[PDB]
Amino acid sequence: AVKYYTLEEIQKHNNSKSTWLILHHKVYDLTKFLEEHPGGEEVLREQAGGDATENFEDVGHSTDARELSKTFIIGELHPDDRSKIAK
Ligand code: HEM
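In terms of the authors' numbering, the sequence shown opens at residue 8 and continues consecutively.
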């Protein structure tokens with residue numbers, strides 16, 4: 008069974024103590040990845056707590072980066088919150 012989180016829940020994880028973001032409806036805990044990310048901490052920091060899909064896609068990310076992202080998945084956006092934000 009898939010763990011869901013709402014937007015309101017995710018929105019709280021917006022700082023160094025706990026940073027989550029959403030990509031393509033998956034929820035990622037990037038708390039430790041922030042200082043590993045090749046693209047730096049501040050671009051993650053600026054989108055913390057919400058959907059970052061467009062920005063992730065707009066800047067481009069390798070296949071290797073997309074495979075790496077799977078390692079930080081902690082759950083999925085609640086179905087009733089999908090109409091807000093795009094997959
Ligand atoms: C869990 C999610 C993420 C993973 C694993 C990840 C991983 C990476 C990796 C491995 C690179 C090096 C280049 C590449 O392989 O394409 C990269 C570069 C970059 N990332 Fe991410 N990234 C993530 C999320 C994001 C997000 C959400 C943003 C923007 C808000 C972002 C912005 C950038 C930028 C600006 C670069 C530099 C592009 C370049 O090399 O020219 N990344 N990322």
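We put the CB at the ideal spot given by N, CA and C, even for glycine.
Asked	Found
Quick one, are the C-beta atoms of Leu75 and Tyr11 less than 8 Å apart?	no
What does the alpha-carbon distance come out to for the pair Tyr35 and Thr60?	11 Å
State the CB to CB distance for the pair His32 and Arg89, rounded to an integer number of angstroms; the pair is presumed to be in contact (CB under 8 Å).	6 Å
For the beta strand (DSSP E) holding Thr26, just list the boundary residues, first then last.	25 to 30
At what residues does the beta strand (DSSP E) containing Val9 begin and finish?	That residue, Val9, is in no beta strand (DSSP E); it is neither H nor E in DSSP.
May I have the straight-line CA-CA distance separating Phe40 from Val9, to the nearest angstrom?	23 Å
So the alpha helix (DSSP H) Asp87 belongs to, where does it begin and stop?	It is not in any alpha helix (DSSP H) - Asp87 carries neither H nor E in the DSSP assignment.
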